[PDB]
Each structure stands twice: as structure tokens, then as C-alpha cells.
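Here is the structure we will look at, set down as C-alpha cells.
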Amino acid sequence: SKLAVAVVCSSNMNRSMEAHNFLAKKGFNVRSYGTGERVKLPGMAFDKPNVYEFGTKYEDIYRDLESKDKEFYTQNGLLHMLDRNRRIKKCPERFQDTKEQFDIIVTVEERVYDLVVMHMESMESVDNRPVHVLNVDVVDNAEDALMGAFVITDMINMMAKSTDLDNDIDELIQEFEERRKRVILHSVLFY
């Protein structure tokens with residue numbers, strides 16, 4: 001009963017990771033992904049950011065911010081976030097590029113969801129296995145990114161504690177929206 005869980009956002013640094021951590025700690029077989037063309041984040045922001053590729057060791061990123069200005073990048077969480085990540089994976093992966101399969105692909109933004117869906121129908125395989133993609137809005141910022149991680153964990157826990165997600169996954173989503181007053185889009189795809 002140790003299912004495959006993915007958590008996706010655009011750039012793979014905040015929301016999917018903050019949740020990657022929580023689902024990992026509580027034992028879940030989970031991974032994190034991004035859908036963006038590159039990896040972006042704050043930094044003298046609201047005009048000029050920092051960008052990397054989906055292979056840049058998180059550790060390597062941490063390094064750079066230091067020289068640029070290790071001052072700023074502490075206050076704004078940026079650095080702590082990064083160190084917290086060197087400890088989960090090596091570098092942020094791009095979803096569309098993954099060859100790995102899951103059961104619940106959880107996405108954190110309405111647009112990411114769509115961007116995943118698409119790339120999901122973009123194929124077919126002689127395995128034909130079902131995979132639920134639940135999207136759960138969660139604001140893209142240091143704080144709320146942590147709350148979502150709880151919400152998402154509270155959600156994956158509940159669904160994992162079943163045997164047959166498929167014929168009662170729908171029943172469950174219903175139950176959940178009632179506790180969190182959130183909106184959990186859902187959509188079945190096949191590999």
C-alpha cells in the first residue's frame with residue numbers, strides 16, 4: 001500500500017518541494033517536478049531574477065547566490081529553502097522529461113495541471129495503467145507553500161489508506177473538499 005506520488009509545480013523549488021519534504025518524512029514514495037522552460041526564483045526581484053536549467057545541483061545554486069549577495073538571499077528564505085533541498089534530490093527535474101510513472105500526480109497550480117494533462121495524453125503505452133492527477137491550488141510563496149504541503153499530505157494520506165482508489169477515489173475527493181473547503185480538480189489518465 002505504498003503508492004507512487006508526484007507533486008508538481010512550474011519551477012521545481014518551492015511548492016512541490018515543500019510538499020516533497022512532508023510526504024517524504026511521513027514515508028511516502030514521492031517525487032517532485034516542474035513544468036517550466038527553466039528554473040526561476042526571487043532575487044532583487046520584481047524586475048531581474050536568477051535562472052538555471054533542470055539539472056543544476058540545488059547545491060550549485062546555493063553557491064551562486066552567496067557570491068552575488070549572500071546577504072539578501074538569507075532574509076528572503078531563498079538560501080534556507082535551497083539547503084533544505086540539497087537534502088532531498090540533487091537537482092530539480094523537469095516533469096515532461098521524466099520517464100517515471102505514478103499513481104497520484106498532484107499539481108499545485110491550475111495551469112501546471114493543464115500542462116501536465118496535455119503532456120499525459122501526448123502518448124500511449126501498452127501498459128494502460130490508471131493515474132489520477134489532482135490539482136490543488138497553493139499560492140507560490142514561502143509561507144502558503146508550507147500550508148499546502150499539509151493539505152496535500154492530509155490528502156495523499158487519506159487516499160493511500162485505501163485498497164481500491166479507482167472505485168472510491170471520487171467518493172473521497174468529495175469528502176475532502178468538505179473539510180478544507182478547497183477545490184480538488186481530478187482527471188484520470190492512462191500510461
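Letters for chains follow the order of the C-alpha cells (A, B, ...), residue numbers begin at 1 for each chain, and ligand numbers begin at 1 in the order shown.
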Long-range neighbours of region 127-138 of chain A as a ChimeraX atom specification, 9 Å cut-off, only C-alpha atoms, 6 positions minimum in chain: /A:8,15,101-110,112-113,116-117,144-145,147-149,151-152,166,169,182-191
DSSP helix (DSSP H, G or I) selection over chain A, as a ChimeraX atom specification: /A:15-25,58-69,72-75,78-86,95-97,110-121,144-160,166-180
For residue 142 (chain A): contacts at 9 Å, only C-alpha atoms, fewer than 5 positions along chain excluded, given as a ChimeraX atom specification: /A:14-15,18,76-78,81
Selected residue of minimal separation from residue 87 (chain A) among A:69, A:100, A:59, A:168, counting only C-alpha atoms: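 Between A:69, A:100, A:59, A:168, the residue approaching residue 87 (chain A) most closely is A:59.
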Sel. of strand (DSSP E or B) residues, region 118-184 of chain A, as a ChimeraX atom specification: /A:130-136,184
May I have the selected residues written with N, CA, C and O atoms, as a JSON list (two decimals), in the first residue's frame?
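Output contents, as saved in out.json:
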```json
[["chain", "number", "residue", "atom", "x", "y", "z"],
["A", 130, "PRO", "N", -4.01, 3.21, -14.82],
["A", 130, "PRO", "CA", -4.64, 4.49, -14.49],
["A", 130, "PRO", "C", -3.78, 5.37, -13.59],
["A", 130, "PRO", "O", -2.96, 4.88, -12.81],
["A", 131, "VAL", "N", -3.96, 6.67, -13.72],
["A", 131, "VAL", "CA", -3.23, 7.63, -12.90],
["A", 131, "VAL", "C", -4.06, 8.89, -12.68],
["A", 131, "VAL", "O", -4.45, 9.57, -13.63],
["A", 132, "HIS", "N", -4.33, 9.19, -11.42],
["A", 132, "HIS", "CA", -5.12, 10.36, -11.08],
["A", 132, "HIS", "C", -4.24, 11.56, -10.93],
["A", 132, "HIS", "O", -3.16, 11.49, -10.35],
["A", 133, "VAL", "N", -4.71, 12.66, -11.49],
["A", 133, "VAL", "CA", -4.00, 13.91, -11.44],
["A", 133, "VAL", "C", -4.87, 14.85, -10.65],
["A", 133, "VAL", "O", -5.91, 15.27, -11.12],
["A", 134, "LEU", "N", -4.48, 15.15, -9.44],
["A", 134, "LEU", "CA", -5.30, 16.04, -8.67],
["A", 134, "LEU", "C", -4.54, 17.33, -8.59],
["A", 134, "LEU", "O", -3.33, 17.34, -8.35],
["A", 135, "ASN", "N", -5.23, 18.43, -8.85],
["A", 135, "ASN", "CA", -4.61, 19.73, -8.78],
["A", 135, "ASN", "C", -5.14, 20.35, -7.50],
["A", 135, "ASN", "O", -6.32, 20.21, -7.17],
["A", 136, "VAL", "N", -4.28, 21.03, -6.76],
["A", 136, "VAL", "CA", -4.70, 21.66, -5.52],
["A", 136, "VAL", "C", -4.06, 23.01, -5.42],
["A", 136, "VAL", "O", -2.95, 23.12, -4.94],
["A", 184, "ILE", "N", -10.58, 20.47, -5.47],
["A", 184, "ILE", "CA", -9.63, 19.48, -5.98],
["A", 184, "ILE", "C", -9.99, 18.94, -7.35],
["A", 184, "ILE", "O", -10.66, 17.92, -7.44]]
```
Residues near residue 34 (chain A), cut-off 7 Å, only C-alpha atoms, skip fewer than 6 positions along chain, as a ChimeraX atom specification: /A:8-12,93-95
Residues near residue 58 (chain A), cut-off 10 Å, only C-alpha atoms, skip fewer than 4 positions along chain, as a ChimeraX atom specification: /A:13,52,54,62-63,81-92
Go ahead and write the residues just picked, N, CA, C and O atoms, as a JSON list (two decimals), in the first residue's frame.
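Below is the file that was written, selection-v7.json:
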```
[["chain", "number", "residue", "atom", "x", "y", "z"],
["A", 13, "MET", "N", 11.08, 24.30, -7.16],
["A", 13, "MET", "CA", 11.82, 24.77, -5.99],
["A", 13, "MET", "C", 11.08, 24.97, -4.68],
["A", 13, "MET", "O", 11.59, 24.69, -3.58],
["A", 52, "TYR", "N", 18.16, 29.01, -13.91],
["A", 52, "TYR", "CA", 19.02, 27.85, -14.08],
["A", 52, "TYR", "C", 18.32, 26.82, -14.95],
["A", 52, "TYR", "O", 17.21, 27.05, -15.40],
["A", 54, "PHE", "N", 17.21, 22.58, -15.54],
["A", 54, "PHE", "CA", 16.75, 21.47, -14.72],
["A", 54, "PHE", "C", 17.77, 20.34, -14.63],
["A", 54, "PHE", "O", 17.58, 19.24, -15.15],
["A", 62, "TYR", "N", 22.78, 27.25, -4.55],
["A", 62, "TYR", "CA", 23.09, 27.79, -3.23],
["A", 62, "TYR", "C", 24.40, 28.56, -3.33],
["A", 62, "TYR", "O", 24.51, 29.71, -2.92],
["A", 63, "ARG", "N", 25.39, 27.90, -3.91],
["A", 63, "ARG", "CA", 26.70, 28.51, -4.08],
["A", 63, "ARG", "C", 26.62, 29.90, -4.71],
["A", 63, "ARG", "O", 27.04, 30.89, -4.10],
["A", 81, "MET", "N", 15.74, 27.63, 1.91],
["A", 81, "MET", "CA", 14.96, 26.79, 1.02],
["A", 81, "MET", "C", 15.90, 25.86, 0.26],
["A", 81, "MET", "O", 15.69, 24.64, 0.23],
["A", 82, "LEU", "N", 16.94, 26.45, -0.34],
["A", 82, "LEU", "CA", 17.93, 25.71, -1.13],
["A", 82, "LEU", "C", 18.67, 24.63, -0.35],
["A", 82, "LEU", "O", 18.83, 23.52, -0.83],
["A", 83, "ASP", "N", 19.12, 24.96, 0.85],
["A", 83, "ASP", "CA", 19.82, 23.97, 1.66],
["A", 83, "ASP", "C", 18.86, 22.82, 1.96],
["A", 83, "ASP", "O", 19.24, 21.66, 1.89],
["A", 84, "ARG", "N", 17.62, 23.16, 2.28],
["A", 84, "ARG", "CA", 16.61, 22.17, 2.59],
["A", 84, "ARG", "C", 16.40, 21.22, 1.43],
["A", 84, "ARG", "O", 15.98, 20.09, 1.62],
["A", 85, "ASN", "N", 16.71, 21.68, 0.22],
["A", 85, "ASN", "CA", 16.53, 20.88, -0.99],
["A", 85, "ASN", "C", 17.73, 20.00, -1.38],
["A", 85, "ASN", "O", 17.53, 18.93, -1.96],
["A", 86, "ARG", "N", 18.95, 20.42, -1.06],
["A", 86, "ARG", "CA", 20.16, 19.63, -1.39],
["A", 86, "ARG", "C", 20.04, 18.26, -0.71],
["A", 86, "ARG", "O", 20.68, 17.29, -1.13],
["A", 87, "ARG", "N", 19.21, 18.23, 0.32],
["A", 87, "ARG", "CA", 18.96, 17.05, 1.13],
["A", 87, "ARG", "C", 17.87, 16.11, 0.63],
["A", 87, "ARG", "O", 17.66, 15.06, 1.24],
["A", 88, "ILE", "N", 17.16, 16.46, -0.44],
["A", 88, "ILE", "CA", 16.10, 15.59, -0.96],
["A", 88, "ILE", "C", 16.55, 14.97, -2.26],
["A", 88, "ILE", "O", 16.62, 13.76, -2.39],
["A", 89, "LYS", "N", 16.85, 15.82, -3.23],
["A", 89, "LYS", "CA", 17.31, 15.37, -4.52],
["A", 89, "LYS", "C", 18.58, 16.14, -4.84],
["A", 89, "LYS", "O", 18.98, 17.01, -4.05],
["A", 90, "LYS", "N", 19.20, 15.85, -5.97],
["A", 90, "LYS", "CA", 20.44, 16.54, -6.35],
["A", 90, "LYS", "C", 20.16, 17.85, -7.06],
["A", 90, "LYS", "O", 20.73, 18.90, -6.72],
["A", 91, "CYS", "N", 19.27, 17.78, -8.05],
["A", 91, "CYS", "CA", 18.86, 18.92, -8.86],
["A", 91, "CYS", "C", 17.39, 18.75, -9.19],
["A", 91, "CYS", "O", 16.85, 17.64, -9.11],
["A", 92, "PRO", "N", 16.71, 19.85, -9.57],
["A", 92, "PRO", "CA", 15.29, 19.83, -9.92],
["A", 92, "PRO", "C", 15.05, 19.26, -11.31],
["A", 92, "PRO", "O", 15.63, 19.74, -12.28]]
```
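Nearest-residue note for residue 119 (chain A): choosing from A:35, A:56, A:163, A:50, the minimum distance belongs to A:35, counting only C-alpha atoms.
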One-decimal distance in Å that lies between CA of residue 41 (chain A) and CA of residue 23 (chain A):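 These atoms are spaced 22.9 Å apart.
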Polymer residues at most 12 Å from residue 24 (chain A), only C-alpha atoms, same-chain spacing of 5 or more positions, as an NGL selection string: :A and (2 or 4-7 or 16-19 or 29-32 or 87-89 or 149 or 153 or 156-157)
Restricting it to N, CA, C and O atoms, dump the selection as a compact mmCIF listing (two decimals), in the first residue's frame.
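Dumped everything to part.txt:
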```
# COMPACT_ATOMS: atom_id res chain seq x y z
N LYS A 2 2.04 1.16 -0.62
CA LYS A 2 2.98 2.27 -0.74
C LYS A 2 2.91 2.73 -2.20
O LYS A 2 3.73 2.34 -3.03
N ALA A 4 2.66 5.38 -5.65
CA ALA A 4 3.56 6.34 -6.29
C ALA A 4 2.92 7.73 -6.32
O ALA A 4 1.86 7.92 -6.91
N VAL A 5 3.57 8.69 -5.67
CA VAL A 5 3.07 10.06 -5.59
C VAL A 5 4.03 11.07 -6.18
O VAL A 5 5.24 11.04 -5.92
N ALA A 6 3.50 11.99 -6.96
CA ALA A 6 4.30 13.04 -7.56
C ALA A 6 3.68 14.34 -7.15
O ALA A 6 2.49 14.40 -6.86
N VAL A 7 4.47 15.39 -7.08
CA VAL A 7 3.92 16.68 -6.73
C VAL A 7 4.59 17.66 -7.69
O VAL A 7 5.81 17.82 -7.72
N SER A 16 6.21 22.37 -4.78
CA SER A 16 6.28 20.92 -4.92
C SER A 16 7.29 20.31 -3.96
O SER A 16 7.11 19.19 -3.50
N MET A 17 8.35 21.07 -3.66
CA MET A 17 9.40 20.60 -2.76
C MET A 17 8.97 20.66 -1.29
O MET A 17 9.14 19.69 -0.55
N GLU A 18 8.42 21.79 -0.89
CA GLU A 18 7.97 21.96 0.48
C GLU A 18 7.01 20.82 0.81
O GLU A 18 6.85 20.44 1.96
N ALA A 19 6.38 20.27 -0.22
CA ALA A 19 5.44 19.18 -0.04
C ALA A 19 6.17 17.86 -0.24
O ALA A 19 5.77 16.83 0.31
N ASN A 29 6.31 7.20 -1.02
CA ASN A 29 7.20 7.06 -2.18
C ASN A 29 6.91 8.23 -3.13
O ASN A 29 6.28 8.07 -4.17
N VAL A 30 7.41 9.41 -2.77
CA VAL A 30 7.13 10.60 -3.57
C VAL A 30 8.31 11.33 -4.23
O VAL A 30 9.43 11.34 -3.71
N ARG A 31 8.02 11.96 -5.37
CA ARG A 31 8.99 12.76 -6.11
C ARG A 31 8.40 14.14 -6.46
O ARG A 31 7.18 14.36 -6.41
N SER A 32 9.29 15.06 -6.81
CA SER A 32 8.96 16.43 -7.15
C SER A 32 9.31 16.78 -8.61
O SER A 32 10.31 16.32 -9.16
N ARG A 87 19.21 18.23 0.32
CA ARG A 87 18.96 17.05 1.13
C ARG A 87 17.87 16.11 0.63
O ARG A 87 17.66 15.06 1.24
N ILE A 88 17.16 16.46 -0.44
CA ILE A 88 16.10 15.59 -0.96
C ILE A 88 16.55 14.97 -2.26
O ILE A 88 16.62 13.76 -2.39
N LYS A 89 16.85 15.82 -3.23
CA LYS A 89 17.31 15.37 -4.52
C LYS A 89 18.58 16.14 -4.84
O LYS A 89 18.98 17.01 -4.05
N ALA A 149 1.50 22.04 1.64
CA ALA A 149 2.22 20.81 1.90
C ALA A 149 1.47 19.93 2.90
O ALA A 149 1.52 18.69 2.83
N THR A 153 -0.58 16.61 1.92
CA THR A 153 -0.17 15.43 2.68
C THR A 153 -1.43 14.80 3.30
O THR A 153 -1.64 13.58 3.23
N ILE A 156 -3.08 12.98 0.40
CA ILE A 156 -2.47 11.75 -0.11
C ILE A 156 -2.51 10.65 0.92
O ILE A 156 -2.58 9.47 0.60
N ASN A 157 -2.50 11.04 2.19
CA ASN A 157 -2.56 10.06 3.25
C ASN A 157 -3.88 9.31 3.13
O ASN A 157 -3.91 8.09 2.96
```
Point-to-point distance in Å for CA of residue 120 (chain A) and CA of residue 154 (chain A):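 These two atoms are separated by 25.3 Å.
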Nearest-residue call for residue 55 (chain A), choices A:39, A:123, A:70, A:115, using only C-alpha atoms: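 Of the candidates, the smallest distance to residue 55 (chain A) is held by A:39.
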